[PDB]
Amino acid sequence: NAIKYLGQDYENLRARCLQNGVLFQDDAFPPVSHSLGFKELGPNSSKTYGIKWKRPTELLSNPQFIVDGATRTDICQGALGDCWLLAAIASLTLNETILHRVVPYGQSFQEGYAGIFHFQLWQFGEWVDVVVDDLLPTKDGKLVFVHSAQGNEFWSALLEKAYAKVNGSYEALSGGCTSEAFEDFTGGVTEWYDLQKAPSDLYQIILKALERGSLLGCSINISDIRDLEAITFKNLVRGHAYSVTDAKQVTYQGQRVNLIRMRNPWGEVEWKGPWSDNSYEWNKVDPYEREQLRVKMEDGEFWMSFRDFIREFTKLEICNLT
């Protein structure tokens, strides 16, 4: 059983709050500016000034911890530089077992609610249970940071808060390494691949990792700084963590083509090249494959051929489990 971060005891705190007729407020990560940050989110910063801390039970009549499962569409980045963390959470959702280690069952805004939630992370070389109160940064009634495509769903917001907690503040999550979040969700072994020097069996390596529920992410290095724009001509985001979410082979004009699926943690802004949602390539695969694989939605998720993937992206990270 996970050891308690800082000795904070989720069930004890919950039961005592319920008995005392109050909602939990977390002394270890309180609803004040120092939990937001120190510079860009510091006490005197423009961003801090516009934020008010509110519980989901203050925002909505019917807040829900999980709605239609804890899935990758639940991860929509807000106004924070934590794409790396969010790419990792989105990948985490594809492995049911590890997902629900990190996100324990039995948490609700109804029976037994007392304004406290908990999550398990691999931290300090231990599996640790981290509590948070459910006060969340908001502006004009909406979450400022991560939110779900399902507007009344809060598990991912609360998880991002717990991860901020262990790192000291939300601002502490601005800029990072996808593999660091991968490790913090698994205790696993991380490896990376230079896509410009990809081994000839990389696609098989990817297939196998996805099969076993390993976590995969990818990115495009900015080799100049940003003097060819943050976004590429074909609508990829440079210096930005994507989750790799599938790998499947289609029959394109009678010939197998290896495809790879990825997801922008923004929940929007997608590749517009071959195999993109509106591309013509889909017209030349058999309708069953097209229907299984293609989803015409601005949801941040899209396909690329593996060929185009290894040309466009520069880095692949894989976190392998037990």
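For every residue, the number given is its place in the sequence shown, counted from 1. C-alpha atoms forming the largest set that superposes within 1.5 Å between two forms make up the rigid core.
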- Message: Can you check whether 29-37 or 42-50 lies farther from the displayed model in 7 other deposited structures of this protein, averaging C-alpha distances as RMS after superposing on the core?
- Response: 42-50
- Query: Core-superposed in 7 other deposited structures of this protein, which stretch deviates more in Cα positions, 219-227 or 232-240?
  - Reply: 219-227
- For the stretches 164-172 and 139-147, which has the higher mean C-alpha B-factor as given in the deposited record? 139-147
- Task: Select between 292-300 and 267-275 the stretch whose C-alpha atoms have the higher average B-factor in the entry.
- Result: 292-300
- Taking the Cα B-factors listed in the entry, which of 159, 79, 177, 121 comes out highest? 177
- Go through 57, 64, 253, 258 one by one and give the residue whose Cα B-factor in the PDB entry is largest. 253
- Message: Lowest, middle or highest third: which one holds residue 41 when the chain's residues are ordered by CA B-factor from the entry?
- Response: middle
- Relative to the other modelled residues of the same chain, rank the CA B-factor of residue 321 and answer lowest, middle or highest third. highest
- Note on the structure: By the entry's values, the third containing the CA B factor of residue 227 is the highest
- State the tercile, meaning the lowest, middle or highest third, of residue 217 with respect to the CA B-factors recorded for its chain. lowest
- Task: Just say lowest, middle or highest third for the CA B-factor of residue 242 relative to the other modelled residues in its chain.
- Result: lowest
